[PDB]
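Novice: Sharing coords17.txt, compact mmCIF, C-alpha atoms and all ligand atoms:
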```
# COMPACT_ATOMS: atom_id res chain seq x y z
CA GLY O 13 17.55 -3.15 -2.02
CA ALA O 14 17.18 -2.46 -5.74
CA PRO O 15 13.31 -2.55 -5.65
CA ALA O 16 13.03 -0.13 -2.73
CA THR O 17 15.46 2.28 -4.45
CA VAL O 18 13.08 2.24 -7.46
CA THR O 19 10.06 2.98 -5.23
CA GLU O 20 12.11 5.88 -3.73
CA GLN O 21 13.79 7.42 -6.80
CA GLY O 22 12.23 5.83 -9.90
CA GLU O 23 10.58 7.83 -12.69
CA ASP O 24 6.93 7.20 -13.40
CA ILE O 25 6.79 6.26 -17.08
CA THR O 26 3.01 5.61 -17.25
CA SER O 27 0.73 7.79 -19.41
CA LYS O 28 -1.77 7.91 -16.57
CA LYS O 29 0.94 8.81 -14.01
CA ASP O 30 -0.34 6.13 -11.62
CA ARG O 31 3.17 4.92 -10.63
CA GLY O 32 2.30 1.57 -12.27
CA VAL O 33 5.69 1.34 -14.02
CA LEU O 34 8.69 2.91 -12.24
CA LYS O 35 12.13 3.08 -13.90
CA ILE O 36 15.72 3.85 -13.02
CA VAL O 37 18.44 3.85 -15.67
CA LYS O 38 21.46 1.93 -14.37
CA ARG O 39 23.91 1.93 -17.36
CA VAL O 40 23.28 4.69 -19.93
CA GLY O 41 22.91 3.37 -23.51
CA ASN O 42 24.28 4.59 -26.87
CA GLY O 43 22.78 6.80 -29.57
CA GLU O 44 19.38 8.47 -29.24
CA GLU O 45 17.16 5.89 -31.07
CA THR O 46 14.71 3.92 -28.90
CA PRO O 47 12.56 1.10 -30.27
CA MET O 48 9.23 1.66 -32.08
CA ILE O 49 6.14 -0.53 -32.00
CA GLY O 50 6.72 -3.53 -34.24
CA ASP O 51 10.56 -3.52 -33.77
CA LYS O 52 12.20 -6.93 -33.04
CA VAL O 53 13.86 -6.45 -29.61
CA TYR O 54 16.74 -8.39 -27.97
CA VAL O 55 17.31 -8.23 -24.19
CA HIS O 56 18.82 -9.94 -21.22
CA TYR O 57 16.90 -9.72 -17.94
CA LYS O 58 16.57 -10.97 -14.38
CA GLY O 59 13.12 -10.85 -12.84
CA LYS O 60 11.43 -11.71 -9.56
CA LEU O 61 8.29 -11.29 -7.52
CA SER O 62 8.71 -8.25 -5.31
CA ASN O 63 8.10 -9.87 -1.95
CA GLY O 64 9.28 -13.37 -2.45
CA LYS O 65 11.35 -15.91 -4.26
CA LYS O 66 10.27 -16.80 -7.72
CA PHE O 67 13.36 -15.60 -9.63
CA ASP O 68 13.99 -15.85 -13.40
CA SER O 69 16.81 -15.00 -15.79
CA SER O 70 17.32 -15.02 -19.56
CA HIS O 71 20.91 -16.01 -18.68
CA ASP O 72 19.50 -19.34 -17.36
CA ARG O 73 18.63 -20.34 -20.95
CA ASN O 74 22.03 -19.29 -22.51
CA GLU O 75 20.63 -16.67 -24.86
CA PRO O 76 18.84 -13.32 -25.38
CA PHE O 77 15.09 -12.96 -24.78
CA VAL O 78 13.55 -11.75 -28.01
CA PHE O 79 10.10 -10.29 -28.68
CA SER O 80 8.28 -7.85 -30.97
CA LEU O 81 7.57 -4.57 -29.19
CA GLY O 82 3.98 -3.56 -28.58
CA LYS O 83 2.66 -6.72 -30.31
CA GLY O 84 0.93 -8.46 -27.36
CA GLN O 85 3.86 -10.71 -26.46
CA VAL O 86 4.90 -9.48 -23.02
CA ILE O 87 3.21 -7.72 -20.14
CA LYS O 88 2.15 -4.08 -20.66
CA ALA O 89 5.01 -2.83 -18.40
CA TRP O 90 7.57 -4.23 -20.83
CA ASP O 91 5.95 -2.67 -23.92
CA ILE O 92 6.01 0.64 -21.99
CA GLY O 93 9.46 0.35 -20.38
CA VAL O 94 11.55 -1.29 -23.08
CA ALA O 95 10.26 1.37 -25.52
CA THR O 96 12.02 4.07 -23.40
CA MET O 97 15.41 2.31 -23.51
CA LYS O 98 18.51 2.72 -25.76
CA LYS O 99 20.91 0.18 -27.29
CA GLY O 100 23.28 -0.79 -24.47
CA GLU O 101 21.08 0.54 -21.66
CA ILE O 102 20.50 -1.35 -18.40
CA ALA O 103 17.38 -0.35 -16.42
CA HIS O 104 15.41 -1.34 -13.30
CA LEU O 105 11.59 -1.57 -13.51
CA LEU O 106 9.18 -1.95 -10.62
CA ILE O 107 5.67 -2.89 -11.77
CA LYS O 108 2.26 -2.86 -10.10
CA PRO O 109 -0.15 -5.76 -10.89
CA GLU O 110 -2.31 -3.68 -13.25
CA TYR O 111 0.63 -3.53 -15.73
CA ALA O 112 1.65 -7.17 -15.19
CA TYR O 113 -0.64 -10.12 -14.39
CA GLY O 114 -3.48 -8.32 -12.57
CA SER O 115 -6.01 -9.53 -10.06
CA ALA O 116 -6.09 -12.85 -11.95
CA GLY O 117 -2.35 -13.49 -11.76
CA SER O 118 -0.92 -16.38 -13.81
CA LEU O 119 -1.09 -19.28 -11.43
CA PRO O 120 0.60 -21.35 -10.38
CA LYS O 121 3.68 -19.30 -11.45
CA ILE O 122 2.41 -15.77 -10.63
CA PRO O 123 0.02 -14.99 -7.73
CA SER O 124 -2.92 -12.65 -7.75
CA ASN O 125 -2.04 -8.97 -7.39
CA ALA O 126 1.76 -9.52 -7.71
CA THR O 127 4.27 -6.67 -7.90
CA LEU O 128 7.28 -7.49 -10.16
CA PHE O 129 10.87 -6.24 -10.38
CA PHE O 130 13.16 -6.57 -13.37
CA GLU O 131 16.65 -5.67 -14.38
CA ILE O 132 16.73 -5.27 -18.18
CA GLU O 133 19.64 -4.91 -20.63
CA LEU O 134 18.68 -3.79 -24.13
CA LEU O 135 21.01 -5.66 -26.46
CA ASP O 136 19.60 -4.59 -29.82
CA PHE O 137 16.45 -3.77 -31.83
CA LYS O 138 15.85 -4.21 -35.60
CA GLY O 139 12.98 -3.10 -37.86
CA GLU O 140 10.07 -5.41 -38.75
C1 LIG F 1 3.81 -15.90 -16.86
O1 LIG F 1 4.75 -16.69 -17.52
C2 LIG F 1 6.08 -16.39 -17.46
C3 LIG F 1 6.60 -15.28 -16.83
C4 LIG F 1 7.98 -15.07 -16.80
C5 LIG F 1 8.82 -15.91 -17.54
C6 LIG F 1 8.29 -17.03 -18.18
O2 LIG F 1 9.01 -17.98 -18.84
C7 LIG F 1 10.40 -17.75 -19.01
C8 LIG F 1 6.91 -17.26 -18.19
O3 LIG F 1 6.40 -18.36 -18.86
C9 LIG F 1 6.35 -18.23 -20.29
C10 LIG F 1 5.36 -17.18 -20.67
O4 LIG F 1 6.02 -16.03 -21.16
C11 LIG F 1 6.28 -14.93 -20.37
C12 LIG F 1 5.86 -13.56 -20.90
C13 LIG F 1 4.38 -13.23 -20.80
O5 LIG F 1 6.61 -12.80 -19.88
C14 LIG F 1 6.53 -11.51 -19.65
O6 LIG F 1 5.78 -10.79 -20.23
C15 LIG F 1 7.58 -11.05 -18.64
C16 LIG F 1 8.53 -10.10 -19.37
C17 LIG F 1 9.43 -10.83 -20.30
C18 LIG F 1 10.28 -11.75 -19.50
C19 LIG F 1 9.43 -12.78 -18.74
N1 LIG F 1 8.31 -12.15 -17.96
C20 LIG F 1 7.88 -12.63 -16.75
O7 LIG F 1 6.88 -12.13 -16.22
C21 LIG F 1 8.52 -13.85 -16.08
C22 LIG F 1 8.28 -13.82 -14.54
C23 LIG F 1 9.01 -12.64 -13.88
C24 LIG F 1 8.91 -12.65 -12.37
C25 LIG F 1 9.52 -13.92 -11.78
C26 LIG F 1 8.69 -15.08 -12.35
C27 LIG F 1 8.72 -15.13 -13.90
```
Using the file provided, produce a representation of the structure as structure tokens.
Specialist:
Amino acid sequence: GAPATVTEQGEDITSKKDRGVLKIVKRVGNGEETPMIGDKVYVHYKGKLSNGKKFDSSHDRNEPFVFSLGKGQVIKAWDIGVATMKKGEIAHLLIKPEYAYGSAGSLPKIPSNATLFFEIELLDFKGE
């Protein structure tokens, strides 16, 4: 499925090159600008645990998921990955635990040492 394709073909967008955050672009975006630290960012997304069935979607709540990039608000893999994306882009990210919720997890919702998969659409980003 989509996660395995990312394992197989995905680009390693980590600084350390440890395959901790793997990306495939699924719909190319517009322009060349990508968001900077501090930008207010608007996305839709569907996420799940790699092996298993906790699933989650922004669409479930009606509305975009909004956060400030690089400002502590999401897991490290999102600060890394969303920063590489363009307005209108859809991407797949596969994420090792070190860039998500770690050996601790976030129980009861997220287990210890969980790999995550997301599909992200970047709707917009605006300056602080
Ligand atoms: C660990 O707690 C949650 C995780 C998710 C969604 C949650 O609520 C909708 C959620 O509880 C509210 C806390 O805020 C989430 C922030 C830290 O989330 C993220 O950093 C990432 C990226 C941004 C979208 C949400 N995401 C998640 O990890 C989801 C998680 C994805 C895998 C399937 C289970 C939910």
Novice: Using all atoms listed in the file, what are the residues with an atom within 9 Å of ligand LIG 1 (chain F), set out as a ChimeraX atom specification?
Specialist: /O:56-62,65-70,73,77-79,84-91,112-113,117-119,121-122,127-130
Novice: Nearest to residue 46 (chain O): which of O:114, O:139, O:15, O:32 is it, counting all atoms listed in the file?
Specialist: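 The answer is O:139, which sits nearest to residue 46 (chain O).
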Novice: From the set O:103, O:18, O:97, O:25, which residue has the shortest atom-to-atom contact distance to residue 42 (chain O), counting all atoms listed in the file?
Specialist: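 For residue 42 (chain O), the nearest of the candidates is O:97.
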Novice: Quick one, how far is CA of residue 43 (chain O) from CA of residue 132 (chain O)?
Specialist: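 Computing it gives 17.7 Å between the two atoms.
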Novice: For residue 31 (chain O), which of O:72, O:110, O:45, O:101 is the closest residue, counting all atoms listed in the file?
Specialist: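 Distance minimum relative to residue 31 (chain O) lands on O:110.
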Novice: Taking into account only C-alpha atoms, which residue in the set O:55, O:48, O:134, O:37 is nearest to residue 99 (chain O)?
Specialist: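 Checking each of O:55, O:48, O:134, O:37 against residue 99 (chain O), counting only C-alpha atoms, the winner is O:134.
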Novice: For residue 102 (chain O), find every residue with an atom within 6 Å (counting all atoms listed in the file), except residues of its own chain fewer than 3 positions away, and show them as a list in words.
Specialist: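 So the residues in contact are residues 38, 39, 132 and 133 of chain O.
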Novice: Mind giving me the straight-line distance from CA of residue 14 (chain O) to CA of residue 107 (chain O) in Å, one decimal?
Specialist: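 Separation between CA of residue 14 (chain O) and CA of residue 107 (chain O): 13.0 Å.
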Novice: Could you check which of O:40, O:106, O:50, O:123 is closest to residue 93 (chain O), using only C-alpha atoms?
Specialist: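 Among the listed residues, O:106 lies closest to residue 93 (chain O).
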Novice: How many Å separate CA of residue 80 (chain O) from CA of residue 52 (chain O)?
Specialist: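 These two atoms are separated by 4.5 Å.
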